[PDB]
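Scroll down for the structure; my scribbles are underneath it.
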Amino acid sequence: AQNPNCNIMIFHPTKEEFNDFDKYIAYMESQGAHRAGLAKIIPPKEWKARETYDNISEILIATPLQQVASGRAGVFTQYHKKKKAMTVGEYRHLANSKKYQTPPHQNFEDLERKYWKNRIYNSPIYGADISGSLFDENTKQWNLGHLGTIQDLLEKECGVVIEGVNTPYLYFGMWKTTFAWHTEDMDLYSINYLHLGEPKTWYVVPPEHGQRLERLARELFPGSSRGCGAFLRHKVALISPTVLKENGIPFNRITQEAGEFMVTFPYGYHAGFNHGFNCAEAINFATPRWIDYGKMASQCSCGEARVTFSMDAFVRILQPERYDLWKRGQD
Ligand SMILES: O=C(O)CNC(=O)C(=O)O
Ligand SMILES: [Mg+2]
Ligand code: NI
Ligand SMILES: [Zn+2]
């Protein structure tokens with residue numbers, strides 16, 4: 001068995017190897033990469049996502065989210081308070097302000113220490129989940145707006161034609177902005193490209209050990225657990241690496257820098273934070289190996305997690321028994 005300790009693997013494809021996306025994913029899995037839940041892909045040195053970022057300031061963040069924390073430093077929830085619209089130029093200036101900017105630090109480890117010590121005492125503003133793309137249309141390799149669609153994968157593997165579309169999302173971050181512990185909708189893959197700015201630190205639990213994280217989360221967030229049988233789908237809960245180590249949960253960490261891709265694999269729980277002003281683009285995707293994870297994915301039926309038009313069809317075809325109750329949650 002390849003990668004039996006479930007370590008995060010890092011790949012350096014040549015420009016020749018960067019032509020066929022599907023084939024490269026299948027290669028990485030042949031080497032055991034999926035066992036970690038997360039992989040890093042460093043693009044060939046010849047590749048570029050676009051020529052410059054010089055003209056992005058006029059993108060609108062229609063609903064910036066203020067991430068307000070509750071709890072203790074290593075075990076907290078966050079709620080998202082909606083703020084007034086602002087441009088990316090306005091948001092970058094805010095991220096660089098004395099109130100919001102990255103503190104002085106020695107290296108990524110000292111910054112990680114400061115994040116876990118102090119996150120709860122601040123409410124950074126996250127421009128998350130913005131439909132759009134920063135890839136130039138002329139970028140032909142690993143262009144997250146040109147991937148094969150999940151609906152087309154389901155049709156190729158299973159023969160069934162379904163409605164829905166699959167488009168990317170932009171994330172504009174600042175110091176302390178946080179992504180809570182989650183897997184993807186329908187336990188899909190994700191791919192995330194850091195277009196510019198400061199780094200993003202990731203934490204991940206190997207898919208084979210995902211239920212260990214769930215059992216810990218039910219113990220740490222006991223009222224949320226009684227409210228919903230899949231409450232990590234609400235994407236609100238944080239648990240620090242120190243608390244994970246104290247409870248014996250297997251995990252890994254890695255820091256992604258500008259110009260790098262990350263792939264998350266089916267049922268790979270992940271969480272993390274931004275080091276400063278940055279912009280990432282991400283999209284979900286599928287392979288043949290995903291289908292079985294999709295059939296088994298948990299679902300939020302309490303009604304909090306409230307998810308896309310395209311997820312309807314996935315539930316309806318892969319989980320027809322749940323269909324019914326899940327759509328009661330989504331209406
Ligand atoms: O970048 C972020 O805030 C969150 N991204 C993801 O969870 C992902 O790409 O799967
Ligand atoms: Mg612009
Ligand atoms: Ni994710
Ligand atoms: Zn729920």
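By order of appearance in the structure tokens: chains A, B, ..., then residues from 1 within every chain, and ligands from 1 in the order shown.
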
Using only C-alpha atoms and all ligand atoms, find each residue with an atom at most 10 Å away from ligand 3 and format the answer as a list in words.
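I would give the residues around ligand 3 as residues 179, 180, 181, 182, 183, 184, 185, 187, 188, 189, 190, 191, 192, 235, 263, 264, 265, 268, 269, 270, 271, 272, 282, 283 and 284 of chain A.
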
For the residues in that selection, give me N, CA and C atoms as a PDB file, in the first residue's frame.
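Result file is out-v7.pdb:
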```pdb
ATOM      1  N   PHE A 179     -11.103  28.943   7.825  1.00  0.00           N
ATOM      2  CA  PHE A 179     -12.050  27.959   7.277  1.00  0.00           C
ATOM      3  C   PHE A 179     -12.161  26.839   8.316  1.00  0.00           C
ATOM      4  N   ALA A 180     -13.413  26.580   8.735  1.00  0.00           N
ATOM      5  CA  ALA A 180     -13.725  25.627   9.748  1.00  0.00           C
ATOM      6  C   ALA A 180     -13.564  24.199   9.250  1.00  0.00           C
ATOM      7  N   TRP A 181     -13.525  23.237  10.163  1.00  0.00           N
ATOM      8  CA  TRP A 181     -13.402  21.822   9.853  1.00  0.00           C
ATOM      9  C   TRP A 181     -14.572  21.342   8.997  1.00  0.00           C
ATOM     10  N   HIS A 182     -14.271  20.761   7.822  1.00  0.00           N
ATOM     11  CA  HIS A 182     -15.340  20.263   6.921  1.00  0.00           C
ATOM     12  C   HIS A 182     -14.740  19.290   5.934  1.00  0.00           C
ATOM     13  N   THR A 183     -15.637  18.505   5.324  1.00  0.00           N
ATOM     14  CA  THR A 183     -15.401  17.884   4.044  1.00  0.00           C
ATOM     15  C   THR A 183     -16.235  18.629   2.987  1.00  0.00           C
ATOM     16  N   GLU A 184     -16.017  18.324   1.690  1.00  0.00           N
ATOM     17  CA  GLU A 184     -16.768  19.012   0.654  1.00  0.00           C
ATOM     18  C   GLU A 184     -18.199  18.505   0.607  1.00  0.00           C
ATOM     19  N   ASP A 185     -19.028  19.326  -0.048  1.00  0.00           N
ATOM     20  CA  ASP A 185     -20.413  18.845  -0.354  1.00  0.00           C
ATOM     21  C   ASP A 185     -20.316  17.452  -1.046  1.00  0.00           C
ATOM     22  N   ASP A 187     -19.004  14.931  -0.213  1.00  0.00           N
ATOM     23  CA  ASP A 187     -17.616  14.408  -0.064  1.00  0.00           C
ATOM     24  C   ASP A 187     -16.864  14.411  -1.382  1.00  0.00           C
ATOM     25  N   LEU A 188     -17.048  15.418  -2.197  1.00  0.00           N
ATOM     26  CA  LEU A 188     -16.310  15.696  -3.445  1.00  0.00           C
ATOM     27  C   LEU A 188     -14.842  15.997  -3.215  1.00  0.00           C
ATOM     28  N   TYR A 189     -14.073  15.980  -4.294  1.00  0.00           N
ATOM     29  CA  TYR A 189     -12.725  16.609  -4.233  1.00  0.00           C
ATOM     30  C   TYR A 189     -12.903  18.080  -4.210  1.00  0.00           C
ATOM     31  N   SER A 190     -11.849  18.828  -3.795  1.00  0.00           N
ATOM     32  CA  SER A 190     -11.697  20.215  -4.159  1.00  0.00           C
ATOM     33  C   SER A 190     -10.327  20.490  -4.709  1.00  0.00           C
ATOM     34  N   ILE A 191     -10.182  21.523  -5.521  1.00  0.00           N
ATOM     35  CA  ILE A 191      -8.871  22.021  -5.938  1.00  0.00           C
ATOM     36  C   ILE A 191      -8.846  23.509  -5.668  1.00  0.00           C
ATOM     37  N   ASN A 192      -7.762  24.038  -5.141  1.00  0.00           N
ATOM     38  CA  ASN A 192      -7.652  25.406  -4.675  1.00  0.00           C
ATOM     39  C   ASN A 192      -6.327  25.976  -5.158  1.00  0.00           C
ATOM     40  N   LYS A 235     -20.043  24.147   8.853  1.00  0.00           N
ATOM     41  CA  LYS A 235     -18.803  24.829   8.621  1.00  0.00           C
ATOM     42  C   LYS A 235     -18.567  25.980   9.595  1.00  0.00           C
ATOM     43  N   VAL A 263      -5.026  20.061  -3.523  1.00  0.00           N
ATOM     44  CA  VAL A 263      -6.178  19.205  -3.813  1.00  0.00           C
ATOM     45  C   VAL A 263      -6.629  18.567  -2.530  1.00  0.00           C
ATOM     46  N   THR A 264      -7.898  18.640  -2.155  1.00  0.00           N
ATOM     47  CA  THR A 264      -8.469  17.853  -1.095  1.00  0.00           C
ATOM     48  C   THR A 264      -9.228  16.663  -1.687  1.00  0.00           C
ATOM     49  N   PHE A 265      -9.139  15.526  -1.036  1.00  0.00           N
ATOM     50  CA  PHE A 265      -9.698  14.256  -1.517  1.00  0.00           C
ATOM     51  C   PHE A 265     -10.973  13.887  -0.805  1.00  0.00           C
ATOM     52  N   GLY A 268     -11.790  13.927   3.097  1.00  0.00           N
ATOM     53  CA  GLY A 268     -10.641  14.495   3.815  1.00  0.00           C
ATOM     54  C   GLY A 268     -11.040  15.769   4.505  1.00  0.00           C
ATOM     55  N   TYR A 269     -11.276  15.649   5.800  1.00  0.00           N
ATOM     56  CA  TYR A 269     -11.616  16.853   6.679  1.00  0.00           C
ATOM     57  C   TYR A 269     -10.466  17.812   6.640  1.00  0.00           C
ATOM     58  N   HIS A 270     -10.729  19.100   6.485  1.00  0.00           N
ATOM     59  CA  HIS A 270      -9.703  20.122   6.461  1.00  0.00           C
ATOM     60  C   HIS A 270     -10.225  21.398   7.112  1.00  0.00           C
ATOM     61  N   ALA A 271      -9.251  22.226   7.566  1.00  0.00           N
ATOM     62  CA  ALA A 271      -9.490  23.504   8.253  1.00  0.00           C
ATOM     63  C   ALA A 271      -8.226  24.320   8.053  1.00  0.00           C
ATOM     64  N   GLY A 272      -8.299  25.624   8.279  1.00  0.00           N
ATOM     65  CA  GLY A 272      -7.067  26.413   8.134  1.00  0.00           C
ATOM     66  C   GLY A 272      -7.313  27.880   8.303  1.00  0.00           C
ATOM     67  N   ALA A 282     -11.220  28.290  -5.986  1.00  0.00           N
ATOM     68  CA  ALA A 282     -11.394  26.852  -5.730  1.00  0.00           C
ATOM     69  C   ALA A 282     -12.671  26.373  -6.392  1.00  0.00           C
ATOM     70  N   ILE A 283     -12.712  25.077  -6.676  1.00  0.00           N
ATOM     71  CA  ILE A 283     -13.854  24.450  -7.300  1.00  0.00           C
ATOM     72  C   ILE A 283     -13.872  23.001  -6.850  1.00  0.00           C
ATOM     73  N   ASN A 284     -15.071  22.413  -6.765  1.00  0.00           N
ATOM     74  CA  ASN A 284     -15.202  20.969  -6.567  1.00  0.00           C
ATOM     75  C   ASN A 284     -15.086  20.212  -7.866  1.00  0.00           C
TER      76      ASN A 284
END
```

Given a cut-off of 10 Å, what residues near ligand 2 show up using only C-alpha atoms and all ligand atoms, put as a PDB file with N, CA and C atoms, in the first residue's frame?
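selection_16.pdb written:
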```pdb
ATOM      1  N   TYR A  53      -1.766  40.546 -12.043  1.00  0.00           N
ATOM      2  CA  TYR A  53      -2.951  40.775 -11.133  1.00  0.00           C
ATOM      3  C   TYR A  53      -3.258  42.268 -10.991  1.00  0.00           C
ATOM      4  N   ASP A  54      -2.779  43.054 -11.958  1.00  0.00           N
ATOM      5  CA  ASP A  54      -2.722  44.502 -11.768  1.00  0.00           C
ATOM      6  C   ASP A  54      -4.003  45.151 -11.833  1.00  0.00           C
ATOM      7  N   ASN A  55      -5.042  44.485 -12.355  1.00  0.00           N
ATOM      8  CA  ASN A  55      -6.317  45.110 -12.542  1.00  0.00           C
ATOM      9  C   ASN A  55      -7.572  44.439 -11.846  1.00  0.00           C
ATOM     10  N   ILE A  56      -7.357  43.931 -10.595  1.00  0.00           N
ATOM     11  CA  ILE A  56      -8.368  43.162  -9.848  1.00  0.00           C
ATOM     12  C   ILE A  56      -9.127  43.913  -8.800  1.00  0.00           C
ATOM     13  N   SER A  57      -8.756  45.207  -8.605  1.00  0.00           N
ATOM     14  CA  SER A  57      -9.274  45.936  -7.502  1.00  0.00           C
ATOM     15  C   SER A  57     -10.717  46.289  -7.602  1.00  0.00           C
ATOM     16  N   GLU A  58     -11.282  46.184  -8.831  1.00  0.00           N
ATOM     17  CA  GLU A  58     -12.647  46.514  -9.015  1.00  0.00           C
ATOM     18  C   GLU A  58     -13.639  45.360  -8.917  1.00  0.00           C
ATOM     19  N   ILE A  59     -13.152  44.137  -8.665  1.00  0.00           N
ATOM     20  CA  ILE A  59     -14.044  43.047  -8.273  1.00  0.00           C
ATOM     21  C   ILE A  59     -14.842  43.442  -7.024  1.00  0.00           C
ATOM     22  N   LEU A  60     -16.089  43.122  -6.925  1.00  0.00           N
ATOM     23  CA  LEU A  60     -16.915  43.435  -5.795  1.00  0.00           C
ATOM     24  C   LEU A  60     -17.035  42.218  -4.901  1.00  0.00           C
ATOM     25  N   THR A  87     -15.236  46.829  -2.576  1.00  0.00           N
ATOM     26  CA  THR A  87     -14.409  46.344  -3.672  1.00  0.00           C
ATOM     27  C   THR A  87     -13.197  45.573  -3.114  1.00  0.00           C
ATOM     28  N   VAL A  88     -12.515  44.833  -3.967  1.00  0.00           N
ATOM     29  CA  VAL A  88     -11.266  44.178  -3.600  1.00  0.00           C
ATOM     30  C   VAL A  88     -10.242  45.260  -3.218  1.00  0.00           C
ATOM     31  N   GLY A  89     -10.260  46.419  -3.841  1.00  0.00           N
ATOM     32  CA  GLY A  89      -9.250  47.490  -3.467  1.00  0.00           C
ATOM     33  C   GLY A  89      -9.572  47.964  -2.078  1.00  0.00           C
TER      34      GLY A  89
END
```

So which residues touch region 210-218 of chain A within 9 Å, counting only C-alpha atoms, skipping near sequence neighbours fewer than 4 positions away, as number ranges by chain?
A: 205-206, 222-226, 230-232, 237, 239, 244, 247-250, 267-269

Just to be explicit: take each residue in the selection above, keep C-alpha atoms, and write the result as a compact mmCIF listing (two decimals), in the first residue's frame.
```txt
# COMPACT_ATOMS: atom_id res chain seq x y z
CA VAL A 205 -7.40 14.37 8.76
CA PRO A 206 -6.78 11.26 6.58
CA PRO A 222 -22.37 18.52 22.38
CA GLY A 223 -25.45 20.79 21.82
CA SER A 224 -24.58 21.17 18.11
CA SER A 225 -24.34 17.39 17.88
CA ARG A 226 -27.82 16.93 19.37
CA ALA A 230 -23.96 16.12 10.46
CA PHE A 231 -23.26 19.43 12.04
CA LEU A 232 -19.75 19.80 10.64
CA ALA A 237 -16.38 24.51 14.28
CA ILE A 239 -10.38 22.54 16.95
CA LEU A 244 -6.29 17.19 18.28
CA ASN A 247 -7.20 13.48 21.93
CA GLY A 248 -5.12 11.25 19.63
CA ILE A 249 -6.65 12.39 16.33
CA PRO A 250 -4.39 11.69 13.36
CA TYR A 267 -13.89 12.67 2.86
CA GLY A 268 -10.64 14.49 3.81
CA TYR A 269 -11.62 16.85 6.68
```

So which residues touch region 294-299 of chain A within 8 Å, counting only C-alpha atoms, skipping near sequence neighbours fewer than 4 positions away, as a count of residues only?
11

All residues having an atom within 6 Å of ligand 4 (only C-alpha atoms and all ligand atoms) as a list in words:
residues 228, 230, 231, 300, 301, 302, 303, 304 and 305 of chain A

What's around residue 25 (chain A) at 12 Å? Count only C-alpha atoms, leave out sequence neighbours fewer than 3 positions away in its own chain, and write the answer as a PyMOL selection string.
chain A and resi 11+13+17-22+28-34+38-41+142+189-191+262-265+285-289

For ligand 1, which residue among A:46, A:51, A:129, A:16 is the nearest when counting only C-alpha atoms and all ligand atoms?
A:129

With only C-alpha atoms as the counted atoms, please give the residues lying no more than 10 Å from residue 104 (chain A), apart from itself and same-chain residues fewer than 4 positions off, as an MDAnalysis selection string.
chainID A and resid 110:111 114

Those residues you just picked out, can you put them in a file as a tab-separated table (two decimals), in the first residue's frame with N, CA, C and O atoms?
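As a result, result-v5.tsv now contains:
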```
chain	number	residue	atom	x	y	z
A	110	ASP	N	5.97	30.57	14.21
A	110	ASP	CA	5.67	31.57	15.23
A	110	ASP	C	4.24	32.18	14.88
A	110	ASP	O	3.45	32.45	15.84
A	111	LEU	N	3.98	32.40	13.62
A	111	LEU	CA	2.71	32.94	13.23
A	111	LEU	C	1.56	31.95	13.58
A	111	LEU	O	0.50	32.41	14.02
A	114	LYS	N	0.80	32.30	17.23
A	114	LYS	CA	0.07	33.49	17.47
A	114	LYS	C	-1.42	33.33	17.02
A	114	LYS	O	-2.34	33.80	17.71
```

Kindly give the distance, in Å, that separates CA of residue 266 (chain A) and CA of residue 128 (chain A), rounded to a single decimal.
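Atom-to-atom, CA of residue 266 (chain A) and CA of residue 128 (chain A) are spaced 21.7 Å apart.
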